[PDB]
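What follows is final_29.cif (mmCIF, C-alpha atoms).
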```cif
data_entry
loop_
_atom_site.group_PDB
_atom_site.id
_atom_site.type_symbol
_atom_site.label_atom_id
_atom_site.label_comp_id
_atom_site.auth_asym_id
_atom_site.auth_seq_id
_atom_site.Cartn_x
_atom_site.Cartn_y
_atom_site.Cartn_z
ATOM 1 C CA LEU A 1 -0.384 2.566 -15.776
ATOM 2 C CA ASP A 2 -0.808 6.018 -14.232
ATOM 3 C CA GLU A 3 -3.349 7.250 -16.795
ATOM 4 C CA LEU A 4 -5.446 4.073 -16.783
ATOM 5 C CA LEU A 5 -5.565 3.942 -12.988
ATOM 6 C CA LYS A 6 -6.396 7.629 -12.520
ATOM 7 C CA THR A 7 -9.152 7.265 -15.151
ATOM 8 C CA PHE A 8 -10.603 4.052 -13.694
ATOM 9 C CA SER A 9 -14.378 4.008 -13.234
ATOM 10 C CA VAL A 10 -16.409 1.649 -11.058
ATOM 11 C CA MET A 11 -19.217 1.618 -13.623
ATOM 12 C CA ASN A 12 -16.947 0.154 -16.311
ATOM 13 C CA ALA A 13 -15.931 -2.664 -13.960
ATOM 14 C CA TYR A 14 -19.579 -3.340 -13.109
ATOM 15 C CA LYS A 15 -20.408 -3.397 -16.829
ATOM 16 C CA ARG A 16 -17.611 -5.920 -17.358
ATOM 17 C CA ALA A 17 -19.010 -8.031 -14.515
ATOM 18 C CA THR A 18 -22.492 -7.959 -16.056
ATOM 19 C CA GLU A 19 -21.021 -8.995 -19.414
ATOM 20 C CA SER A 20 -19.123 -11.849 -17.752
ATOM 21 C CA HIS A 21 -22.381 -13.285 -16.320
ATOM 22 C CA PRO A 22 -25.044 -13.094 -19.059
ATOM 23 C CA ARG A 23 -27.787 -14.986 -17.202
ATOM 24 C CA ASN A 24 -28.191 -12.272 -14.530
ATOM 25 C CA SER A 25 -28.914 -8.550 -14.793
ATOM 26 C CA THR A 26 -27.297 -7.796 -11.408
ATOM 27 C CA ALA A 27 -23.705 -8.250 -10.282
ATOM 28 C CA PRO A 28 -22.563 -8.313 -6.637
ATOM 29 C CA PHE A 29 -20.721 -5.216 -5.466
ATOM 30 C CA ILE A 30 -17.606 -7.357 -4.989
ATOM 31 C CA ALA A 31 -17.489 -8.172 -8.714
ATOM 32 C CA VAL A 32 -16.443 -4.549 -9.285
ATOM 33 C CA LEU A 33 -13.044 -5.181 -7.689
ATOM 34 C CA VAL A 34 -12.467 -8.481 -9.519
ATOM 35 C CA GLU A 35 -13.256 -7.019 -12.931
ATOM 36 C CA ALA A 36 -11.103 -3.989 -12.108
ATOM 37 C CA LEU A 37 -8.126 -6.264 -11.436
ATOM 38 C CA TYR A 38 -8.697 -8.287 -14.603
ATOM 39 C CA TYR A 39 -9.228 -5.205 -16.794
ATOM 40 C CA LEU A 40 -6.046 -3.572 -15.501
ATOM 41 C CA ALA A 41 -3.986 -6.709 -16.119
ATOM 42 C CA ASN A 42 -5.440 -7.329 -19.588
ATOM 43 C CA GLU A 43 -4.948 -3.771 -20.848
ATOM 44 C CA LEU A 44 -1.399 -3.679 -19.479
ATOM 45 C CA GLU A 45 -0.655 -6.971 -21.251
ATOM 46 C CA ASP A 46 -1.978 -5.625 -24.556
ATOM 47 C CA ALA A 47 0.227 -2.539 -24.239
ATOM 48 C CA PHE A 48 3.206 -4.782 -23.458
ATOM 49 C CA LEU B 1 -31.919 -26.704 -1.893
ATOM 50 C CA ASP B 2 -30.735 -28.714 1.115
ATOM 51 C CA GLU B 3 -28.951 -31.397 -0.922
ATOM 52 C CA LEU B 4 -27.254 -28.969 -3.314
ATOM 53 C CA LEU B 5 -26.043 -26.738 -0.486
ATOM 54 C CA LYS B 6 -24.766 -29.582 1.701
ATOM 55 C CA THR B 7 -22.947 -31.011 -1.349
ATOM 56 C CA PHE B 8 -21.446 -27.683 -2.451
ATOM 57 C CA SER B 9 -17.723 -27.730 -3.229
ATOM 58 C CA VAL B 10 -15.379 -24.751 -3.467
ATOM 59 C CA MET B 11 -13.461 -26.421 -6.293
ATOM 60 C CA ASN B 12 -16.545 -26.522 -8.528
ATOM 61 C CA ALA B 13 -17.092 -22.792 -7.991
ATOM 62 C CA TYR B 14 -13.436 -22.088 -8.785
ATOM 63 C CA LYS B 15 -13.741 -24.207 -11.939
ATOM 64 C CA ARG B 16 -16.798 -22.176 -12.941
ATOM 65 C CA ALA B 17 -14.835 -18.970 -12.339
ATOM 66 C CA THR B 18 -11.967 -20.211 -14.513
ATOM 67 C CA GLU B 19 -14.446 -21.113 -17.261
ATOM 68 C CA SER B 20 -16.037 -17.660 -17.018
ATOM 69 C CA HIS B 21 -12.655 -15.969 -17.673
ATOM 70 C CA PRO B 22 -10.905 -17.907 -20.468
ATOM 71 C CA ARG B 23 -7.931 -15.557 -20.900
ATOM 72 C CA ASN B 24 -6.508 -16.323 -17.428
ATOM 73 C CA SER B 25 -5.541 -19.597 -15.756
ATOM 74 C CA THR B 26 -6.019 -18.168 -12.238
ATOM 75 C CA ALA B 27 -9.151 -16.836 -10.567
ATOM 76 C CA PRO B 28 -9.177 -14.633 -7.445
ATOM 77 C CA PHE B 29 -10.292 -16.355 -4.259
ATOM 78 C CA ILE B 30 -13.320 -14.045 -4.177
ATOM 79 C CA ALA B 31 -14.598 -15.457 -7.482
ATOM 80 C CA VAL B 32 -15.417 -18.663 -5.583
ATOM 81 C CA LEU B 33 -18.244 -16.937 -3.703
ATOM 82 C CA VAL B 34 -19.642 -15.201 -6.802
ATOM 83 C CA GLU B 35 -19.750 -18.392 -8.854
ATOM 84 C CA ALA B 36 -21.271 -20.225 -5.884
ATOM 85 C CA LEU B 37 -24.124 -17.706 -5.766
ATOM 86 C CA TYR B 38 -24.698 -17.875 -9.517
ATOM 87 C CA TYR B 39 -24.541 -21.688 -9.641
ATOM 88 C CA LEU B 40 -27.035 -22.016 -6.789
ATOM 89 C CA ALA B 41 -29.475 -19.598 -8.422
ATOM 90 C CA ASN B 42 -29.165 -21.170 -11.881
ATOM 91 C CA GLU B 43 -29.663 -24.758 -10.714
ATOM 92 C CA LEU B 44 -32.630 -23.743 -8.560
ATOM 93 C CA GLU B 45 -34.170 -21.964 -11.560
ATOM 94 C CA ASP B 46 -33.750 -25.048 -13.750
ATOM 95 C CA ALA B 47 -35.462 -27.207 -11.125
ATOM 96 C CA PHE B 48 -38.282 -24.655 -10.905
ATOM 97 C CA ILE C 1 42.685 -25.375 -4.060
ATOM 98 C CA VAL C 2 41.147 -28.853 -3.724
ATOM 99 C CA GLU C 3 41.206 -28.419 0.063
ATOM 100 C CA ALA C 4 38.395 -25.832 -0.050
ATOM 101 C CA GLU C 5 35.932 -27.969 -2.055
ATOM 102 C CA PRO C 6 33.472 -28.790 0.788
ATOM 103 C CA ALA C 7 32.991 -25.169 1.869
ATOM 104 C CA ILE C 8 32.300 -23.995 -1.683
ATOM 105 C CA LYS C 9 29.934 -26.945 -2.132
ATOM 106 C CA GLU C 10 27.956 -25.803 0.912
ATOM 107 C CA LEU C 11 28.018 -22.202 -0.339
ATOM 108 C CA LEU C 12 26.635 -23.273 -3.720
ATOM 109 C CA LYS C 13 23.953 -25.269 -1.902
ATOM 110 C CA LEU C 14 22.898 -22.197 0.068
ATOM 111 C CA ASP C 15 22.906 -19.937 -2.993
ATOM 112 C CA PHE C 16 21.148 -22.243 -5.451
ATOM 113 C CA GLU C 17 18.583 -24.270 -3.475
ATOM 114 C CA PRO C 18 16.210 -21.312 -2.865
ATOM 115 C CA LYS C 19 16.375 -20.290 -6.535
ATOM 116 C CA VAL C 20 15.453 -23.727 -7.880
ATOM 117 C CA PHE C 21 12.828 -24.348 -5.201
ATOM 118 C CA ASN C 22 11.132 -21.001 -5.837
ATOM 119 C CA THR C 23 11.186 -21.347 -9.623
ATOM 120 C CA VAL C 24 9.937 -24.940 -9.780
ATOM 121 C CA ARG C 25 7.291 -24.567 -7.067
ATOM 122 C CA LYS C 26 5.971 -21.170 -8.246
ATOM 123 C CA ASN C 27 6.328 -20.484 -11.952
ATOM 124 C CA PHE C 28 6.488 -23.624 -14.089
ATOM 125 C CA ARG C 29 2.977 -24.893 -13.314
ATOM 126 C CA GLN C 30 1.450 -21.511 -14.145
ATOM 127 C CA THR C 31 3.628 -21.115 -17.247
ATOM 128 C CA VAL C 32 2.544 -24.496 -18.623
ATOM 129 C CA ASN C 33 -1.132 -23.903 -17.860
ATOM 130 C CA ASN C 34 -1.030 -20.444 -19.446
ATOM 131 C CA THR C 35 0.782 -21.597 -22.583
ATOM 132 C CA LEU C 36 -1.648 -24.475 -23.113
ATOM 133 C CA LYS C 37 -4.811 -22.454 -22.474
ATOM 134 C CA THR C 38 -3.632 -19.560 -24.664
ATOM 135 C CA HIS C 39 -2.384 -21.707 -27.567
ATOM 136 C CA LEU C 40 -5.003 -24.459 -27.873
ATOM 137 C CA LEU C 41 -8.176 -22.354 -27.638
ATOM 138 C CA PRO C 42 -7.499 -20.179 -30.731
ATOM 139 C CA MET C 43 -6.435 -23.299 -32.630
ATOM 140 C CA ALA C 44 -9.720 -24.960 -31.669
ATOM 141 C CA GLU C 45 -11.619 -21.891 -32.888
ATOM 142 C CA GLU C 46 -9.759 -21.942 -36.214
ATOM 143 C CA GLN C 47 -10.469 -25.669 -36.561
ATOM 144 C CA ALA C 48 -14.171 -25.045 -35.926
ATOM 145 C CA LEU D 1 -29.203 -30.220 -47.048
ATOM 146 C CA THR D 2 -30.118 -27.746 -44.298
ATOM 147 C CA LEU D 3 -30.071 -30.561 -41.730
ATOM 148 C CA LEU D 4 -26.518 -31.346 -42.862
ATOM 149 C CA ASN D 5 -25.550 -27.703 -42.326
ATOM 150 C CA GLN D 6 -27.125 -27.742 -38.848
ATOM 151 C CA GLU D 7 -25.166 -30.891 -38.039
ATOM 152 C CA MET D 8 -21.883 -29.294 -39.107
ATOM 153 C CA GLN D 9 -22.485 -26.254 -36.896
ATOM 154 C CA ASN D 10 -23.371 -28.451 -33.913
ATOM 155 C CA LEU D 11 -20.216 -30.495 -34.540
ATOM 156 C CA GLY D 12 -18.068 -27.370 -34.394
ATOM 157 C CA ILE D 13 -19.686 -26.235 -31.147
ATOM 158 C CA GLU D 14 -19.179 -29.679 -29.606
ATOM 159 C CA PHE D 15 -15.495 -29.783 -30.565
ATOM 160 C CA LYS D 16 -14.882 -26.365 -29.015
ATOM 161 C CA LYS D 17 -16.636 -27.449 -25.818
ATOM 162 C CA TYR D 18 -14.621 -30.674 -25.579
ATOM 163 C CA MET D 19 -11.287 -28.907 -26.031
ATOM 164 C CA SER D 20 -12.186 -26.299 -23.410
ATOM 165 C CA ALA D 21 -13.253 -29.029 -20.982
ATOM 166 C CA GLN D 22 -10.000 -30.959 -21.423
ATOM 167 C CA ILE D 23 -7.785 -27.894 -20.997
ATOM 168 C CA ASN D 24 -9.678 -26.742 -17.911
ATOM 169 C CA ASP D 25 -9.524 -30.248 -16.424
ATOM 170 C CA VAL D 26 -5.749 -30.053 -16.810
ATOM 171 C CA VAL D 27 -5.706 -26.563 -15.277
ATOM 172 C CA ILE D 28 -7.762 -27.531 -12.219
ATOM 173 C CA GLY D 29 -5.540 -30.569 -11.666
ATOM 174 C CA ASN D 30 -8.222 -33.199 -12.322
ATOM 175 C CA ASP D 31 -5.958 -34.809 -14.959
ATOM 176 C CA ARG D 32 -4.253 -37.444 -12.822
ATOM 177 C CA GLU D 33 -1.734 -38.466 -15.493
ATOM 178 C CA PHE D 34 -0.609 -34.859 -15.953
ATOM 179 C CA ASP D 35 -0.203 -34.490 -12.184
ATOM 180 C CA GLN D 36 1.928 -37.646 -12.140
ATOM 181 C CA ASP D 37 4.089 -36.307 -14.965
ATOM 182 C CA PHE D 38 4.506 -32.920 -13.268
ATOM 183 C CA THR D 39 5.452 -34.417 -9.898
ATOM 184 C CA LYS D 40 7.965 -36.607 -11.735
ATOM 185 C CA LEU D 41 9.298 -33.416 -13.342
ATOM 186 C CA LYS D 42 9.734 -31.689 -9.982
ATOM 187 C CA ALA D 43 11.286 -34.728 -8.289
ATOM 188 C CA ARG D 44 13.735 -35.197 -11.163
ATOM 189 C CA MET D 45 14.733 -31.531 -11.005
ATOM 190 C CA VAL D 46 15.348 -31.574 -7.250
ATOM 191 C CA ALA D 47 17.253 -34.865 -7.455
ATOM 192 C CA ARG D 48 19.421 -33.571 -10.304
#
```
Now, as a test, write the supplied structure out as structure tokens.
Amino acid sequence: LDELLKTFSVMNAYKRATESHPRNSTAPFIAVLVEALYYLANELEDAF
Amino acid sequence: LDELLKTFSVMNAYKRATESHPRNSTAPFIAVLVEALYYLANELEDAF
Amino acid sequence: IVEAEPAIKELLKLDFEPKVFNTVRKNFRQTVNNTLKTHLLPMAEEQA
Amino acid sequence: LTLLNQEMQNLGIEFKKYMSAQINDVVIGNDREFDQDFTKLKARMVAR
């Protein structure tokens, strides 16, 4: 948890958002937070 | 534009958000707005 | 000891009702949805 | 022969889409029978 959070990058979350919505090359700034939440939860689940 | 907007439903946007993220049964409330934007743009493009 | 039955009945009511209400109203719906969506989809992919 | 192969691939895609649609209909709550069963579940639990 500590390492992943302290190494979090906004650009990775934006890249995830762009992947999640193929039919658009731009993602709203808010999508950064959503993808951050989902990425954190998913990686933590895999470790579990 | 007028008809689609006046007939917009939050539940459809939430359903789109859930579809966009298969590995989770819940979507953050914010995803409603994002999927609304994308749905509007996509349908308008198809009509065009 | 039979004389004290009503008071212990009320005590058990107070202790248990919140537990059951919380569990049933919060978790079970999400648990069922998650189990279904995480079990059926891979099976559908393997069938395809 | 190649048309047969095309048809098989399209069949697989269609089956995946149908299963996803059904599961997500259940998730959203649009499945009325499932809602009836779940409310029966909750009522039975509280009554018990």
Return as a PyMOL selection string the residues belonging to chain B that are within 8 Å of chain A, counting only C-alpha atoms. chain B and resi 20-21+28+30-31+34
Please give chain A as a PDB file with C-alpha atoms, keeping the file's coordinate frame, after it has been superposed on chain B by least squares over all Cα atoms paired in order.
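File selection39.pdb, as written:
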```pdb
ATOM      1  CA  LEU A   1     -31.920 -26.705  -1.892  1.00  0.00           C
ATOM      2  CA  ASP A   2     -30.736 -28.714   1.115  1.00  0.00           C
ATOM      3  CA  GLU A   3     -28.951 -31.397  -0.924  1.00  0.00           C
ATOM      4  CA  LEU A   4     -27.254 -28.968  -3.313  1.00  0.00           C
ATOM      5  CA  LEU A   5     -26.043 -26.739  -0.486  1.00  0.00           C
ATOM      6  CA  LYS A   6     -24.765 -29.582   1.701  1.00  0.00           C
ATOM      7  CA  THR A   7     -22.947 -31.011  -1.349  1.00  0.00           C
ATOM      8  CA  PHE A   8     -21.446 -27.682  -2.451  1.00  0.00           C
ATOM      9  CA  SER A   9     -17.723 -27.729  -3.229  1.00  0.00           C
ATOM     10  CA  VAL A  10     -15.379 -24.751  -3.467  1.00  0.00           C
ATOM     11  CA  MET A  11     -13.460 -26.421  -6.294  1.00  0.00           C
ATOM     12  CA  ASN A  12     -16.545 -26.522  -8.528  1.00  0.00           C
ATOM     13  CA  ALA A  13     -17.092 -22.792  -7.992  1.00  0.00           C
ATOM     14  CA  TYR A  14     -13.436 -22.089  -8.785  1.00  0.00           C
ATOM     15  CA  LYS A  15     -13.741 -24.207 -11.939  1.00  0.00           C
ATOM     16  CA  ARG A  16     -16.797 -22.177 -12.942  1.00  0.00           C
ATOM     17  CA  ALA A  17     -14.835 -18.970 -12.338  1.00  0.00           C
ATOM     18  CA  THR A  18     -11.966 -20.211 -14.514  1.00  0.00           C
ATOM     19  CA  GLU A  19     -14.446 -21.113 -17.261  1.00  0.00           C
ATOM     20  CA  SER A  20     -16.038 -17.660 -17.019  1.00  0.00           C
ATOM     21  CA  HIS A  21     -12.655 -15.970 -17.674  1.00  0.00           C
ATOM     22  CA  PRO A  22     -10.904 -17.907 -20.469  1.00  0.00           C
ATOM     23  CA  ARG A  23      -7.931 -15.557 -20.900  1.00  0.00           C
ATOM     24  CA  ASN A  24      -6.507 -16.323 -17.428  1.00  0.00           C
ATOM     25  CA  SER A  25      -5.542 -19.597 -15.756  1.00  0.00           C
ATOM     26  CA  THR A  26      -6.019 -18.168 -12.238  1.00  0.00           C
ATOM     27  CA  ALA A  27      -9.150 -16.837 -10.566  1.00  0.00           C
ATOM     28  CA  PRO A  28      -9.177 -14.633  -7.445  1.00  0.00           C
ATOM     29  CA  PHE A  29     -10.293 -16.355  -4.260  1.00  0.00           C
ATOM     30  CA  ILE A  30     -13.321 -14.044  -4.177  1.00  0.00           C
ATOM     31  CA  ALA A  31     -14.599 -15.457  -7.482  1.00  0.00           C
ATOM     32  CA  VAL A  32     -15.417 -18.662  -5.583  1.00  0.00           C
ATOM     33  CA  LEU A  33     -18.244 -16.937  -3.704  1.00  0.00           C
ATOM     34  CA  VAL A  34     -19.642 -15.200  -6.802  1.00  0.00           C
ATOM     35  CA  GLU A  35     -19.751 -18.391  -8.853  1.00  0.00           C
ATOM     36  CA  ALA A  36     -21.271 -20.225  -5.883  1.00  0.00           C
ATOM     37  CA  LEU A  37     -24.123 -17.707  -5.765  1.00  0.00           C
ATOM     38  CA  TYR A  38     -24.698 -17.875  -9.519  1.00  0.00           C
ATOM     39  CA  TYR A  39     -24.541 -21.688  -9.640  1.00  0.00           C
ATOM     40  CA  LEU A  40     -27.035 -22.016  -6.788  1.00  0.00           C
ATOM     41  CA  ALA A  41     -29.474 -19.598  -8.421  1.00  0.00           C
ATOM     42  CA  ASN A  42     -29.165 -21.169 -11.881  1.00  0.00           C
ATOM     43  CA  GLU A  43     -29.663 -24.758 -10.714  1.00  0.00           C
ATOM     44  CA  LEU A  44     -32.631 -23.743  -8.560  1.00  0.00           C
ATOM     45  CA  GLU A  45     -34.170 -21.964 -11.560  1.00  0.00           C
ATOM     46  CA  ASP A  46     -33.750 -25.048 -13.751  1.00  0.00           C
ATOM     47  CA  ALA A  47     -35.462 -27.208 -11.126  1.00  0.00           C
ATOM     48  CA  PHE A  48     -38.281 -24.655 -10.904  1.00  0.00           C
TER      49      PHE A  48
END
```
As a PyMOL selection string, could you give me every residue of chain C near chain B (at most 9 Å apart, counting all atoms listed in the file)? chain C and resi 30+33-34+37-38+41
Within 10 Å of chain D, which residues of chain B show up when using all atoms listed in the file, listed as a PyMOL selection string? chain B and resi 11-12+14-16+18-19+22+25-26
With 6 Å on each side, where is the centre of the axis-aligned box around all listed atoms of range 21-32 of chain C, and how long are its edges in Å to one decimal, as AutoDock Vina command-line options?
```
--center_x 7.1 --center_y -22.7 --center_z -11.9 --size_x 23.4 --size_y 16.5 --size_z 25.4
```
By how many Å are CA of residue 36 in chain A and CA of residue 32 in chain B apart? 16.6 Å
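Put simply, CA of residue 5 in chain A is 7.9 Å away from CA of residue 40 in chain A.
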C:8, C:1, C:35, C:45: which is nearest chain D, counting all atoms listed in the file?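 Looking at the shortest contact to chain D, the residue is C:45.
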Taking the file as shown, find all residues satisfying the PyMOL selection byres ((chain D) within 9 of (chain C)) and write them as a ChimeraX atom specification. /D:9,11-13,15-16,19-20,23-24,26-27,38,42,45-46
